[PDB]
Amino acid sequence: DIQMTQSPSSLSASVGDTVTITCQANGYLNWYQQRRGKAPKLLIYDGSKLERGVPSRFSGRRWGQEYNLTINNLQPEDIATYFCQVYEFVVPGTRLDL
Amino acid sequence: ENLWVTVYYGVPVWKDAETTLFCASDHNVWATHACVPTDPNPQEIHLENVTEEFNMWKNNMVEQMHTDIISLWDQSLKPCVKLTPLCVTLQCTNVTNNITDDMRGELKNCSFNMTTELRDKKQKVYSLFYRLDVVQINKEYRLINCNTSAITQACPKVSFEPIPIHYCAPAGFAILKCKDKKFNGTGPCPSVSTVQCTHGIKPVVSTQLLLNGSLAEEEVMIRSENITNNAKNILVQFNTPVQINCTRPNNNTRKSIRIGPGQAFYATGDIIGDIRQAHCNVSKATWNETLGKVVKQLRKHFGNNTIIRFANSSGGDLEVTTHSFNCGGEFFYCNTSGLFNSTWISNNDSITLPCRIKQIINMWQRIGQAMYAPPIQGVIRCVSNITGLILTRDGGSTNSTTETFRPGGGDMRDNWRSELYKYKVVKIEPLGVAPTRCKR
Amino acid sequence: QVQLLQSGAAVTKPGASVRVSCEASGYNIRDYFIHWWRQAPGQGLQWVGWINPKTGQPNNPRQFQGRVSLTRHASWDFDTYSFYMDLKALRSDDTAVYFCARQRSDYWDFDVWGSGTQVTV
Amino acid sequence: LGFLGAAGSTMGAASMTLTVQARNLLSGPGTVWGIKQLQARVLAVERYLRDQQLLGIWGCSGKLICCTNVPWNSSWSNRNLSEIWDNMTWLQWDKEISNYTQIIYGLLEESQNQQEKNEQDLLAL
Amino acid sequence: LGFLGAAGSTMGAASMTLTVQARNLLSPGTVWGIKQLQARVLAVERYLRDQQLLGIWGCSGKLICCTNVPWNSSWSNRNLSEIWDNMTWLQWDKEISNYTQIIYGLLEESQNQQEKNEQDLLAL
Amino acid sequence: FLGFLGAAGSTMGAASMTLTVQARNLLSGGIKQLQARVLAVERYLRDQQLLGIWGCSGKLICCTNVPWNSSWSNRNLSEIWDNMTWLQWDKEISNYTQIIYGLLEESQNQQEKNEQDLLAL
Ligand SMILES: *[C@@H]1O[C@H](CO)[C@@H](O[C@@H]2O[C@H](CO)[C@@H](O[C@@H]3O[C@H](CO[C@H]4O[C@H](CO)[C@@H](O)[C@H](O)[C@@H]4O)[C@@H](O)[C@H](O[C@H]4O[C@H](CO)[C@@H](O)[C@H](O)[C@@H]4O)[C@@H]3O)[C@H](O)[C@H]2NC(C)=O)[C@H](O)[C@H]1NC(C)=O
Ligand SMILES: *[C@@H]1O[C@H](CO)[C@@H](O[C@@H]2O[C@H](CO)[C@@H](O[C@@H]3O[C@H](CO)[C@@H](O)[C@H](O)[C@@H]3O)[C@H](O)[C@H]2NC(C)=O)[C@H](O)[C@H]1NC(C)=O
Ligand SMILES: *[C@@H]1O[C@H](CO)[C@@H](O[C@@H]2O[C@H](CO)[C@@H](O[C@@H]3O[C@H](CO)[C@@H](O)[C@H](O)[C@@H]3O)[C@H](O)[C@H]2NC(C)=O)[C@H](O)[C@H]1NC(C)=O
Ligand SMILES: *[C@@H]1O[C@H](CO)[C@@H](O[C@@H]2O[C@H](CO)[C@@H](O)[C@H](O)[C@H]2NC(C)=O)[C@H](O)[C@H]1NC(C)=O
Ligand SMILES: *[C@@H]1O[C@H](CO)[C@@H](O[C@@H]2O[C@H](CO)[C@@H](O)[C@H](O)[C@H]2NC(C)=O)[C@H](O)[C@H]1NC(C)=O
Ligand SMILES: *[C@@H]1O[C@H](CO)[C@@H](O[C@@H]2O[C@H](CO)[C@@H](O)[C@H](O)[C@H]2NC(C)=O)[C@H](O)[C@H]1NC(C)=O
Ligand SMILES: *[C@@H]1O[C@H](CO)[C@@H](O[C@@H]2O[C@H](CO)[C@@H](O)[C@H](O)[C@H]2NC(C)=O)[C@H](O)[C@H]1NC(C)=O
Ligand SMILES: *[C@@H]1O[C@H](CO)[C@@H](O)[C@H](O)[C@H]1NC(C)=O
Ligand SMILES: *[C@@H]1O[C@H](CO)[C@@H](O)[C@H](O)[C@H]1NC(C)=O
Ligand SMILES: *[C@@H]1O[C@H](CO)[C@@H](O)[C@H](O)[C@H]1NC(C)=O
Ligand SMILES: *[C@@H]1O[C@H](CO)[C@@H](O)[C@H](O)[C@H]1NC(C)=O
Ligand SMILES: *[C@@H]1O[C@H](CO)[C@@H](O)[C@H](O)[C@H]1NC(C)=O
Ligand SMILES: *[C@@H]1O[C@H](CO)[C@@H](O)[C@H](O)[C@H]1NC(C)=O
Ligand SMILES: *[C@@H]1O[C@H](CO)[C@@H](O)[C@H](O)[C@H]1NC(C)=O
Ligand SMILES: *[C@@H]1O[C@H](CO)[C@@H](O)[C@H](O)[C@H]1NC(C)=O
Ligand SMILES: *[C@@H]1O[C@H](CO)[C@@H](O)[C@H](O)[C@H]1NC(C)=O
Ligand SMILES: *[C@@H]1O[C@H](CO)[C@@H](O)[C@H](O)[C@H]1NC(C)=O
Ligand SMILES: *[C@@H]1O[C@H](CO)[C@@H](O)[C@H](O)[C@H]1NC(C)=O
Ligand SMILES: *[C@@H]1O[C@H](CO)[C@@H](O)[C@H](O)[C@H]1NC(C)=O
Ligand SMILES: *[C@@H]1O[C@H](CO)[C@@H](O)[C@H](O)[C@H]1NC(C)=O
């Protein structure tokens with residue numbers, strides 16, 4: 001019985017501000033980034049582990065069901081859609097803005 | 001205090017380790033001569049007060065067993081003849097079988113020129129090839145492998161019958177068996193016992209149904225790496241067997257065709273009698289309530305009000321859409337869509353499965369080396385006992401009260417996992433240092 | 001050097017089948033499952049199904065069962081693998097974009113996604 | 001109790017059956033099984049000889065139970081004698097000192113070298 | 001006398017010549033290669049098994065060695081006066097080929113008891 | 001910790017402290033590799049058998065009853081133990097090795113028969 005819940009439906013932040021996108025779920029959660037309906041990319045595999053080549057701005061932490069996606073020092077590239085995945089289920093994600 | 005270090009050699013402590021276990025066995029593809037004789041009376045030392053953390057899926061006995069089985073297959077196929085001349089243009093007509101509508105082309109009477117003992121001469125010969133063995137190039141055909149790989153004909157004297165092979169660890173290593181019943185596949189096991197060799201593990205190459213395996217002890221047991229994941233095949237082990245009677249009712253006379261000096265090609269010459277269809281019979285009153293036990297044990301994992309549906313294979317290769325196996329030397333591929341069609345809501349009749357026979361076999365999922373099983377004289381009939389299933393869940397939006405289970409593909413590591421689930425290999429580290437009052 | 005090309009966008013009337021192609025190369029294609037994802041415009045991703053490259057076995061949800069077929073074809077030497085997704089009975093709801101992704105582990109980390117194939121109905 | 005029978009037994013009760021584990025340490029390409037099993041046998045012989053050389057380097061050659069002059073550092077284990085030889089087993093104890101094994105081995109080697117030197121000087125005079 | 005020369009000599013005469021037998025116990029690209037390798041591994045394993053058997057009984061590194069186990073008369077009813085003068089080792093092996101296992105087990109148990117007693121004595 | 005063969009160029013007085021370092025590295029570990037490992041094991045067993053035949057079993061520094069013949073070397077103790085390394089001394093007793101080994105074997109033989117005569121009074 002997988003469940004997913006993402007708290008920010010809409011999201012606006014200034015450049016240089018730390019943002020936290022909460023996705024509560026049970027099981028192996030991975031974080032991805034989609035820009036303007038173009039192909040996704042894997043930011044975080046498992047709770048915290050970072051993929052090769054990803055910027056160090058993004059990081060993840062695990063405590064209980066919740067995961068935070070602590071991104072620090074937002075830049076012009078970081079404005080995009082961000083979503084969480086457990087196995088086959090993907091919730092519609094937030095959208096960073098300025 | 002005044003304690004001092006004392007060295008003890010030969011203390012009972014072990015750690016996880018990987019080693020090349022040897023084979024003990026009580027002509028075959030799996031060489032009985034090459035393996036050492038087994039012990040007449042195996043020793044099972046029960047380790048009281050020992051809890052051991054087993055793991056089915058990271059067990060290296062499965063990988064070593066698979067490598068050994070593949071190498072045995074290759075070693076058996078090495079000295080036998082090569083059928084490179086057989087990849088030629090074949091004029092194929094229908095074997096005289098009235099008009100059966102569908103399934104008429106399952107046997108094709110194909111004529112071809114073959115080489116002789118003399119290189120300068122050829123001979124027009126004929127042979128009966130299955131539909132799955134050939135592909136059209138109106139009457140021109142060729143063997144299906146002629147673009148992908150080359151075939152080696154399996155030696156006729158060599159038999160494909162499984163023999164029970166016991167995997168014994170070398171000196172300095174121990175094999176811990178988890179005697180605990182209802183032990184799923186992983187984690188703690190408080191009933192442990194060391195053995196010299198594992199039980200007789202028949203290497204049975206099968207898909208969708210494990211044949212001639214261990215029959216569990218108490219109840220039907222379901223084991224998967226993670227139940228939540230769909231990609232992980234579910235291994236089901238029955239507590240009672242389901243008998244299956246498989247038969248190839250065609251006589252299938254065999255003929256010898258000299259392809260070269262000292263090389264022969266065994267080819268079906270004539271079916272003596274009515275042309276019939278191979279099949280497998282499963283008892284209906286047994287297979288239902290066997291599925292009942294399986295559903296009762298799946299509802300523990302997936303919830304009490306779930307509707308457990310069983311459906312046939314979604315697609316894929318022939319080895320996976322159909323229960324593939326080897327019966328007496330011929331390779332059967334049975335539909336089994338009548339077995340897996342059910343819907344279970346929480347609240348002397350036989351199932352006949354039509355089997356297609358094949359001769360060009362690409363075993364162990366390998367591409368680049370194919371085998372040609374020779375024909376077998378006379379009718380062949382075998383009685384095997386289904387002791388389990390491989391399954392795959394549908395996944396997707398499982399939030400609804402439905403759970404579709406389809407038969408699973410043949411990796412053949414799942415076949416060895418169902419037999420080596422209780423066994424683990426450990427290395428004994430005899431050296432130890434403890435504190436005691438004594439001094440030199 | 002892992003690379004998952006996808007076919008161009010296609011337009012077809014309802015009830016006529018498509019053939020979405022995904023060409024995988026640059027890596028050992030056999031050990032990693034290739035999954036399919038479907039994104040309606042202005043909506044989150046949805047799962048279409050995975051296909052084992054070694055055995056060819058599809059697995060699809062009950063929503064897409066009976067319509068979607070996942071197949072795979074191998075060239076000579078198996079360096080390039082063409083994964084095809086075919087939808088049989090099309091409908092106005094199916095107006096989405098299709099990605100082919102590569103699961104790499106038990107984590108279901110989809111390291112490499114395809115460019116996309118806009119199927120318009 | 002047979003081979004590895006005293007595994008769940010306490011340390012003291014398992015010190016009486018060191019022989020049954022000592023014997024089973026040494027009780028055991030043209031073909032698929034040939035070269036790999038021969039390599040396994042050579043590896044087993046090498047492991048046994050490394051263990052025997054380690055025993056000989058500490059002065060405990062030919063002895064299943066052997067005492068040494070190395071004091072027991074309290075940092076290695078603060079537990080007393082009664083709760084070691086009557087409460088715990090050998091598996092748990094090996095898990096406890098798994099870090100400190102190498103330091104203890106080095107101290108045993110150093111102590112035996114010092115003892116051999118002292119014995120040689122004493123015998124000389 | 002050379003290797004195995006005292007096989008016909010009396011037991012006491014061979015007690016002083018045990019060393020030459022003891023020394024001569026250690027010493028597919030080609031048909032000879034792998035077979036010679038297997039023979040060498042077998043010889044090494046046999047020698048180490050013999051040495052381990054010697055060491056478990058407390059007779060490590062010694063050709064001749066007393067033991068605490070009593071010579072139970074059930075194994076042989078014979079007088080020491082004529083065994084060491086009018087008998088050869090092959091015949092002696094032929095008489096007591098049938099109780100070697102229990103004698104070896106008794107030697108193992110006796111040396112384990114002796115080592116435990118030495119540990120207890122050195123404790124205080 | 002000088003390391004493996006570190007004391008090879010120092011005098012014997014500092015070289016005898018590091019016997020364990022070179023003793024440990026005699027058992028560090030296709031057909032050719034297997035033959036090399038078997039030969040290494042056989043060489044180690046030959047050395048240990050030679051030690052055990054002289055009664056020096058499990059003893060790096062072992063004192064024996066064999067007298068030192070002056071014909072083997074005319075030098076004195078201080079010159080041997082404080083002027084030359086082990087390599088020079090090995091070069092200096094190259095041809096006298098087998099005689100010393102035989103004398104050690106005979107002396108240990110005499111010792112064991114004497115011990116058996118004494119213990120069986
Ligand atoms: C699991 O079980 C399911 C059933 O539950 C099986 O699905 C069946 O698969 C068989 C495969 O042979 C199908 O039979 C073939 O179907 C084709 C389609 O037939 C109809 O298609 C549409 C239906 O919407 C209609 O418009 C159309 O008029 C047809 O009525 C046909 O192409 C086939 O017939 C033709 O080919 C054969 C051989 O070439 C000739 O003999 C025929 O004369 C004809 O030319 C054929 O009938 C069958 O329809 C499927 N059933 C269902 C209910 O979908 C799965 O195959 C099975 N899976 C496994 C792995 O076993
Ligand atoms: C199958 O995968 C699931 C997750 O998809 C695994 O679930 C794991 O369950 C254990 C408990 O059995 C979890 O440990 C728990 O962690 C937290 C610590 O904050 C806390 O809730 C509990 O105290 C407990 O320690 C573990 O984290 C969890 N894993 C994940 C990723 O959520 C399950 O073990 C897998 N089963 C297999 C491989 O058989
Ligand atoms: C599972 O195990 C059963 C029982 O061992 C296997 O059935 C046996 O298969 C062999 C090989 O074909 C049969 O031997 C043959 O029998 C007839 C004479 O009866 C003859 O045609 C051949 O010369 C040959 O000897 C054997 O009779 C048969 N056993 C029984 C009880 O029928 C079965 O093949 C195994 N299933 C697998 C591996 O899938
Ligand atoms: C397969 O076809 C061959 C011909 O290619 C058949 O062989 C002929 O059979 C008839 C039967 O009346 C004989 O008179 C001919 O002499 C045969 N010709 C040959 C061998 O060249 C053969 O019977 C067919 N087999 C079947 C239908 O099972
Ligand atoms: C060898 O030849 C066979 C028969 O032509 C090929 O199988 C067909 O390949 C085409 C082209 O991709 C497909 O459209 C057909 O559906 C295939 N038929 C089957 C699988 O029955 C086969 O691909 C060739 N081998 C290769 C390319 O390795
Ligand atoms: C069929 O399954 C059953 C249950 O495991 C097996 O039948 C047993 O056969 C042995 C001899 O091999 C008998 O001693 C047992 O009594 C039988 N069991 C019962 C419950 O009667 C049989 O071996 C399986 N078939 C195979 C392996 O081909
Ligand atoms: C396997 O068997 C099934 C049924 O046994 C075949 O699928 C169709 O089944 C429906 C009923 O569900 C029948 O009305 C159709 O006639 C069956 N199709 C055919 C072609 O007979 C299925 O085709 C079989 N699979 C094979 C032969 O690969
Ligand atoms: C018989 O063989 C022909 C080729 O000669 C093939 O096309 C056909 O399908 C087969 N069946 C019938 C019924 O003619
Ligand atoms: C066999 O050889 C003959 C020789 O004349 C040729 O005409 C015929 O077409 C060949 N048949 C096949 C099946 O290759
Ligand atoms: C079955 O799996 C669960 C998974 O949480 C594990 O805790 C349990 O110990 C397993 N059962 C046995 C008998 O090992
Ligand atoms: C299988 O055949 C046996 C005889 O060999 C028979 O007793 C049994 O009932 C059959 N089982 C079926 C048809 O399911
Ligand atoms: C299978 O057995 C179950 C349990 O006895 C029963 O409810 C069900 O109706 C049976 N299914 C059949 C006869 O198809
Ligand atoms: C289940 O599928 C089989 C496939 O052969 C079919 O014969 C059978 O009628 C189906 N069962 C039901 C209840 O429709
Ligand atoms: C198969 O044919 C042979 C002759 O080739 C015959 O003796 C045998 O009885 C036949 N077997 C049957 C019809 O089962
Ligand atoms: C297991 O431990 C209990 C105490 O927990 C003890 O009484 C029993 O003898 C032990 N069993 C063994 C060592 O076989
Ligand atoms: C190593 O020692 C630390 C404390 O110093 C302890 O927590 C740890 O468990 C030890 N390691 C193992 C593998 O037991
Ligand atoms: C047996 O041979 C030895 C020498 O090998 C000799 O001393 C002895 O006298 C021989 N026995 C008899 C009865 O002459
Ligand atoms: C033991 O072996 C001897 C010699 O082979 C044989 O004659 C005898 O019957 C066996 N049993 C006993 C009790 O000595
Ligand atoms: C090398 O020679 C010097 C000369 O003074 C000496 O002190 C030193 O110990 C020798 N050995 C090493 C290993 O440095
Ligand atoms: C041993 O004698 C040989 C001559 O046979 C001589 O060349 C060699 O140097 C001598 N070795 C010594 C004295 O170490």
# chains A, B, ... in the order shown; residues from 1 in each chain; ligands from 1
>>> interface_residues(of="chain C", to="chain A", cutoff="8 Å", atoms="only C-alpha atoms", output="PyMOL selection string")
chain C and resi 41+43-47+99+107-116
>>> residues_near_ligand(ligand="ligand 3", cutoff="6 Å", atoms="only C-alpha atoms and all ligand atoms", output="CSV table (one decimal) with N, CA and C atoms, in the first residue's frame")
chain,number,residue,atom,x,y,z
B,161,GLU,N,19.0,-36.2,-18.8
B,161,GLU,CA,18.3,-36.5,-17.5
B,161,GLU,C,19.0,-35.8,-16.3
B,162,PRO,N,18.3,-35.0,-15.5
B,162,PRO,CA,18.9,-34.5,-14.3
B,162,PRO,C,19.4,-35.7,-13.3
B,204,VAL,N,17.0,-28.9,-13.0
B,204,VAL,CA,15.8,-29.0,-13.8
B,204,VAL,C,15.6,-27.7,-14.5
B,211,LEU,N,9.9,-28.0,-11.4
B,211,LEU,CA,9.7,-29.5,-11.5
B,211,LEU,C,10.7,-30.2,-10.7
B,212,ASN,N,10.3,-31.3,-10.1
B,212,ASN,CA,11.2,-32.3,-9.3
B,212,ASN,C,12.1,-31.6,-8.3
B,325,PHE,N,10.5,-27.1,-20.9
B,325,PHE,CA,11.2,-28.1,-20.2
B,325,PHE,C,11.7,-29.1,-21.2
B,326,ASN,N,12.4,-30.1,-20.6
B,326,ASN,CA,13.0,-31.2,-21.4
B,326,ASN,C,12.5,-32.5,-20.8
B,327,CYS,N,11.8,-33.3,-21.6
B,327,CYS,CA,11.2,-34.6,-21.2
B,327,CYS,C,11.8,-35.7,-22.0
B,328,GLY,N,12.7,-36.5,-21.5
B,328,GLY,CA,13.3,-37.6,-22.2
B,328,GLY,C,14.3,-37.2,-23.2
B,380,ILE,N,7.4,-40.9,-26.3
B,380,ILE,CA,8.0,-40.5,-25.0
B,380,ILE,C,7.0,-39.9,-24.1
B,382,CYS,N,6.5,-38.8,-19.7
B,382,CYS,CA,7.2,-38.5,-18.5
B,382,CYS,C,6.2,-38.1,-17.4
B,383,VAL,N,6.4,-38.4,-16.2
B,383,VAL,CA,5.6,-38.0,-15.1
B,383,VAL,C,6.5,-37.2,-14.1
B,384,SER,N,6.3,-35.9,-14.2
B,384,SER,CA,7.0,-35.0,-13.2
B,384,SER,C,6.0,-34.5,-12.2
>>> interface_residues(of="chain F", to="chain D", cutoff="9 Å", atoms="only C-alpha atoms", output="VMD selection string")
chain F and resid 17 to 20 23 to 24 27 to 31 34 37 to 38 41 45 57 to 63
>>> select_by_dssp(residues="chain A", states="strand (DSSP E or B)", output="ChimeraX atom specification")
/A:4-6,19-20,23-25,29-34,41-44,50,58-59,62-63,66-67,70-71,81-86,89-90,94-95
>>> write_last_selection(atoms="C-alpha atoms", output="PDB file, in the first residue's frame")
ATOM      1  CA  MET A   4       2.648   9.643  -1.617  1.00  0.00           C
ATOM      2  CA  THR A   5       2.073  13.209  -0.432  1.00  0.00           C
ATOM      3  CA  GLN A   6       3.911  16.319  -1.641  1.00  0.00           C
ATOM      4  CA  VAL A  19      14.342  25.607  -0.373  1.00  0.00           C
ATOM      5  CA  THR A  20      12.844  22.418   1.100  1.00  0.00           C
ATOM      6  CA  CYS A  23       7.531  14.342  -0.073  1.00  0.00           C
ATOM      7  CA  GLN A  24       6.150  11.822   2.419  1.00  0.00           C
ATOM      8  CA  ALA A  25       6.094   8.205   1.245  1.00  0.00           C
ATOM      9  CA  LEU A  29      12.093   7.213  -2.939  1.00  0.00           C
ATOM     10  CA  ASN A  30      14.054   8.924  -5.715  1.00  0.00           C
ATOM     11  CA  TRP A  31      14.079  12.612  -6.659  1.00  0.00           C
ATOM     12  CA  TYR A  32      13.967  13.844 -10.262  1.00  0.00           C
ATOM     13  CA  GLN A  33      13.854  17.154 -12.140  1.00  0.00           C
ATOM     14  CA  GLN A  34      11.736  17.890 -15.222  1.00  0.00           C
ATOM     15  CA  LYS A  41      16.955  13.530 -15.065  1.00  0.00           C
ATOM     16  CA  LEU A  42      17.907  11.709 -11.867  1.00  0.00           C
ATOM     17  CA  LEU A  43      18.963  14.009  -9.048  1.00  0.00           C
ATOM     18  CA  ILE A  44      18.855  11.653  -6.058  1.00  0.00           C
ATOM     19  CA  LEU A  50      23.697  11.694  -5.161  1.00  0.00           C
ATOM     20  CA  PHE A  58      20.893  19.414  -4.201  1.00  0.00           C
ATOM     21  CA  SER A  59      21.047  16.981  -1.299  1.00  0.00           C
ATOM     22  CA  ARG A  62      15.964  10.734   5.534  1.00  0.00           C
ATOM     23  CA  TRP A  63      14.006  10.707   8.790  1.00  0.00           C
ATOM     24  CA  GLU A  66       9.682  12.272   5.204  1.00  0.00           C
ATOM     25  CA  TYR A  67      12.388  13.469   2.811  1.00  0.00           C
ATOM     26  CA  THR A  70      17.554  20.513   0.914  1.00  0.00           C
ATOM     27  CA  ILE A  71      18.661  22.595  -2.078  1.00  0.00           C
ATOM     28  CA  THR A  81       9.710  20.956 -11.920  1.00  0.00           C
ATOM     29  CA  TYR A  82      10.779  18.568  -9.134  1.00  0.00           C
ATOM     30  CA  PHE A  83       9.075  15.291  -8.281  1.00  0.00           C
ATOM     31  CA  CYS A  84       9.458  12.184  -6.135  1.00  0.00           C
ATOM     32  CA  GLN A  85       9.062   8.549  -7.166  1.00  0.00           C
ATOM     33  CA  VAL A  86       8.543   5.294  -5.279  1.00  0.00           C
ATOM     34  CA  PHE A  89       4.001   5.755  -8.696  1.00  0.00           C
ATOM     35  CA  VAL A  90       4.866   9.400  -9.405  1.00  0.00           C
ATOM     36  CA  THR A  94       5.888  21.313  -7.571  1.00  0.00           C
ATOM     37  CA  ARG A  95       7.193  24.047  -9.893  1.00  0.00           C
TER      38      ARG A  95
END
>>> residues_near_ligand(ligand="ligand 15", cutoff="8 Å", atoms="only C-alpha atoms and all ligand atoms", output="PyMOL selection string")
(chain B and resi 47-49) or (chain D and resi 5-10+13)
>>> write_last_selection(atoms="N, CA and C atoms", output="CSV table (one decimal), in the first residue's frame")
chain,number,residue,atom,x,y,z
B,47,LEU,N,23.2,-27.3,15.4
B,47,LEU,CA,23.8,-26.3,16.3
B,47,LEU,C,22.8,-25.6,17.2
B,48,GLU,N,22.7,-26.1,18.4
B,48,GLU,CA,21.8,-25.5,19.4
B,48,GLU,C,22.2,-24.1,19.8
B,49,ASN,N,21.3,-23.3,20.1
B,49,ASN,CA,21.5,-21.9,20.6
B,49,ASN,C,22.2,-21.0,19.6
D,5,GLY,N,29.7,-28.3,16.9
D,5,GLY,CA,28.6,-28.6,17.8
D,5,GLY,C,28.5,-27.6,18.9
D,6,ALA,N,29.6,-27.1,19.4
D,6,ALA,CA,29.6,-26.2,20.6
D,6,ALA,C,29.6,-24.8,20.1
D,7,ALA,N,29.0,-24.5,19.0
D,7,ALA,CA,28.9,-23.1,18.5
D,7,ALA,C,28.0,-22.2,19.4
D,8,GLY,N,26.9,-22.8,19.8
D,8,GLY,CA,26.0,-22.0,20.7
D,8,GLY,C,26.4,-22.2,22.1
D,9,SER,N,27.3,-23.1,22.4
D,9,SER,CA,27.8,-23.3,23.8
D,9,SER,C,28.6,-22.1,24.2
D,10,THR,N,28.7,-21.9,25.5
D,10,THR,CA,29.6,-20.8,26.1
D,10,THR,C,31.0,-21.1,25.7
D,13,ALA,N,32.7,-24.0,27.7
D,13,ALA,CA,32.2,-25.3,27.2
D,13,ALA,C,32.7,-25.6,25.8
>>> residues_around(residues="residue 17 in chain E", least_positions_apart="2", cutoff="10 Å", atoms="only C-alpha atoms", output="list in words")
residues 1, 2, 3, 4, 5, 6, 11, 12, 13, 14, 15, 19, 20, 21 and 22 of chain E; 109 of chain F
>>> residues_near_ligand(ligand="ligand 9", cutoff="9 Å", atoms="only C-alpha atoms and all ligand atoms", output="VMD selection string")
chain B and resid 88 to 92 110 to 114 122 to 125 140
>>> interface_residues(of="chain B", to="chain D", cutoff="9 Å", atoms="only C-alpha atoms", output="ChimeraX atom specification")
/B:1-14,19-23,34-35,45-51,68,71-72,75,170-174,193-194,428,430-440
>>> residues_near_ligand(ligand="ligand 10", cutoff="10 Å", atoms="only C-alpha atoms and all ligand atoms", output="compact mmCIF listing (two decimals) with N, CA and C atoms, in the first residue's frame")
# COMPACT_ATOMS: atom_id res chain seq x y z
N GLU B 52 21.33 -17.51 12.90
CA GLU B 52 22.16 -17.14 11.76
C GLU B 52 21.35 -16.31 10.79
N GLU B 53 21.98 -15.28 10.22
CA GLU B 53 21.31 -14.35 9.31
C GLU B 53 21.48 -14.84 7.88
N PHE B 54 20.48 -15.54 7.36
CA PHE B 54 20.56 -16.06 6.00
C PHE B 54 20.09 -15.02 5.00
N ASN B 55 20.40 -15.27 3.73
CA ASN B 55 19.95 -14.42 2.62
C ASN B 55 19.90 -15.27 1.36
N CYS B 178 19.36 -24.02 7.24
CA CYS B 178 18.32 -23.45 8.09
C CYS B 178 17.16 -24.43 8.14
N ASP B 180 14.70 -24.36 10.06
CA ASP B 180 13.46 -23.70 10.45
C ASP B 180 12.45 -23.75 9.31
N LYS B 181 11.24 -24.19 9.63
CA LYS B 181 10.11 -24.14 8.71
C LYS B 181 9.38 -22.82 8.87
N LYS B 182 8.73 -22.39 7.77
CA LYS B 182 8.13 -21.06 7.56
C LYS B 182 9.19 -19.96 7.55
N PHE B 183 10.44 -20.32 7.29
CA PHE B 183 11.51 -19.35 7.09
C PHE B 183 11.43 -18.82 5.67
N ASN B 184 11.20 -17.51 5.51
CA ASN B 184 10.85 -16.99 4.20
C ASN B 184 12.01 -17.06 3.21
N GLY B 185 12.98 -16.16 3.31
CA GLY B 185 14.23 -16.40 2.63
C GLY B 185 15.41 -15.65 3.20
N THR B 186 15.20 -14.89 4.27
CA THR B 186 16.12 -13.83 4.64
C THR B 186 16.00 -13.61 6.14
N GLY B 187 17.04 -13.03 6.73
CA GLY B 187 17.00 -12.65 8.12
C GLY B 187 17.36 -13.79 9.06
N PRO B 188 16.95 -13.67 10.32
CA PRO B 188 17.38 -14.63 11.34
C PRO B 188 16.77 -16.01 11.15
N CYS B 189 17.52 -17.00 11.59
CA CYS B 189 17.11 -18.40 11.60
C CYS B 189 17.66 -19.04 12.87
N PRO B 190 16.80 -19.38 13.84
CA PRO B 190 17.29 -19.95 15.10
C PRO B 190 17.54 -21.45 15.07
N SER B 191 17.07 -22.16 14.06
CA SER B 191 17.31 -23.60 13.93
C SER B 191 18.32 -23.80 12.81
N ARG B 223 8.24 -16.48 -1.56
CA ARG B 223 9.50 -15.80 -1.31
C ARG B 223 9.79 -14.89 -2.49
N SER B 224 10.00 -13.61 -2.20
CA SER B 224 10.40 -12.63 -3.20
C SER B 224 11.37 -11.67 -2.54
N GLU B 225 12.25 -11.07 -3.35
CA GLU B 225 13.29 -10.20 -2.80
C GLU B 225 12.67 -9.01 -2.10
N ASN B 226 11.71 -8.37 -2.76
CA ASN B 226 10.83 -7.43 -2.09
C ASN B 226 9.44 -7.69 -2.67
N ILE B 227 8.44 -7.83 -1.80
CA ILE B 227 7.07 -8.01 -2.27
C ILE B 227 6.58 -6.76 -3.00
